[PDB]
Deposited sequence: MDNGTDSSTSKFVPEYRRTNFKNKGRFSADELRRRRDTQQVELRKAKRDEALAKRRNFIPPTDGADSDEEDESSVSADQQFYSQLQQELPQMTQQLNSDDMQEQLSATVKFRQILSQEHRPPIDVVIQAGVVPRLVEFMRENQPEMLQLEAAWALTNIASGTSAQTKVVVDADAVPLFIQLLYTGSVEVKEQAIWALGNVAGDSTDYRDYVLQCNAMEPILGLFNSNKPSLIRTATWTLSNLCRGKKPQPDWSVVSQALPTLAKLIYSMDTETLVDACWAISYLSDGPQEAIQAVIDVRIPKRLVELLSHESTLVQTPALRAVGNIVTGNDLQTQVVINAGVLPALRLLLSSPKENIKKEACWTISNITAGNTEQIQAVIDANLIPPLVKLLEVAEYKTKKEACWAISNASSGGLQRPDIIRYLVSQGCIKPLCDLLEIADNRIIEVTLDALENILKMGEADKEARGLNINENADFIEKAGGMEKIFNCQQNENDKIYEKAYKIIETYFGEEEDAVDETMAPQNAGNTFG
């Protein structure tokens, strides 16, 4: 009997999105990609084509104004002025004319993909990039905003901007004092880093990490939000990407931001920290040494359910590490809150607390006092309760935790000459023996075989007490 492999059943660390396909309704926690910068058309078009500089400017100012704060983008385009606006950005034009033309084009690029395409096909991008070299602070602010909308439209325009060598001049903007310029440039930079398939050219966007290290030392909330999001995108990668973030010494301040007052900051900061602990034990210890464990304790109590979930996921990739790292989690008093979420939290969060406790128990086979403490904190009952409701993957993870707990109890019985396996008695006392036993009814063979082994090894009418 043949069936498709994914319809058959016959390293604990987990990366961000190993499986991208989703059935659930997509919920956006991310910053909107595009931003807008807040009929006598015939007459304006005549002034814009005029040879007089002051006539050109008054026309450009009007086109920018109607495009500010809804805006008739498609109408301006229909007037055929987009290439003229692009000409006004050329290196040999007046500063104020460049400013207005770039502002108007920014808002045309702020609309639909078709409207952004108009500006891109008009060869505006190389000029924006040039204005980043040559413009005043006011000119540089309009050009970088324009590049943000192009980049935020799609991965293709994101890559086109990078192929035009925009990164070098963009990274020069962050010497400015003007908080509005830093804000806008940080958002544009996050748009150049955003997007999973395809990811941007690593050789180019990793050049931004020194700048991002500086930006997360801003105390401007808006700047921190988009800087942390940028780091969260760049840190979503293999060990090499994580190591580039570690090398610029981002983790210390990144961990500090987990305690920022604003959940708009905590969310991307926690996402980035979560990404970093998906590498190896050495990279993970760098985050531990930065104080992530105390910070995670508070986030387990966050009012945002998604913060609690991501905190549990982050902890689970830490307890996927070595004995000392598991002990560090215990030492930071993270188990009591994890056990609490394991029994009261929403399923998606509860599911993540299960991974964390389960992974800890896998390493607890080498340091039995680890499992003693876990049992001491009352994890057995929540784990067993989870067997009745969980998806099949979480059933398997929960049975592996209970098996580790049973192995430890059995090894402890033999080592100390105890009469009975204490953890097996706890599991039966909590009603967990029946819930494990009932997993044998699952048509999933991996689940059935695991439950059968547990039942027959630890609850199978072993012996008369002698």
| message | Tell me which segments of the deposited chain sequence are not represented by C-alpha atoms in this structure. | response | 1-10, 21-30, 59-86, 118-119, 517-530
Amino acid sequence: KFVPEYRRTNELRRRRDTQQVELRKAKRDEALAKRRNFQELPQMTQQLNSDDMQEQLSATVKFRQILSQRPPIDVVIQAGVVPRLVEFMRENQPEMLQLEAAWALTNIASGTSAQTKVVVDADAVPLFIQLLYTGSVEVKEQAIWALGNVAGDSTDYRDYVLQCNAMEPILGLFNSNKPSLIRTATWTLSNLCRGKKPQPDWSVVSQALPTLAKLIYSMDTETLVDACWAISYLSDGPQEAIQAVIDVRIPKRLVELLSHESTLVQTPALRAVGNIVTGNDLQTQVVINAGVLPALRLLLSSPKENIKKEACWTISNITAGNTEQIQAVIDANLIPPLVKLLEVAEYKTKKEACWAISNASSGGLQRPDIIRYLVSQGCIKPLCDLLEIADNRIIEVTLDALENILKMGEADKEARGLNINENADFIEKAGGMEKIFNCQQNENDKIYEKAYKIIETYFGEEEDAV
From here on, numbers count along this sequence of modelled residues.
| said: Averaging CA B factors per stretch from the PDB record, which one is higher: 58-66 or 420-428? | reply: 58-66
| task | Read off the CA B-factors in the entry, average them over 169-177 and over 224-232, and name the higher stretch. | result | 169-177
| Residue with highest C-alpha B-factor in the PDB entry, from 148, 210, 382, 80 | 80
| query | Highest Cα B-factor in the deposition, which of 250, 354, 290, 365? | reply | 365
| said: Please place residue 182 in the lowest, middle or highest third of its chain according to the CA B-factor in the PDB entry. | reply: lowest
| Against its chain's modelled residues, does residue 308's Cα B factor rank lowest, middle or highest third? | lowest
| said: Which third, lowest, middle or highest, does the C-alpha temperature factor of residue 457 belong to within its own chain? | reply: lowest
| query | Mind checking which third residue 268 falls in for C-alpha B-factor across the chain? | reply | lowest
| query | Which third, lowest, middle or highest, does the CA B-factor of residue 434 fall in along this chain? | reply | middle
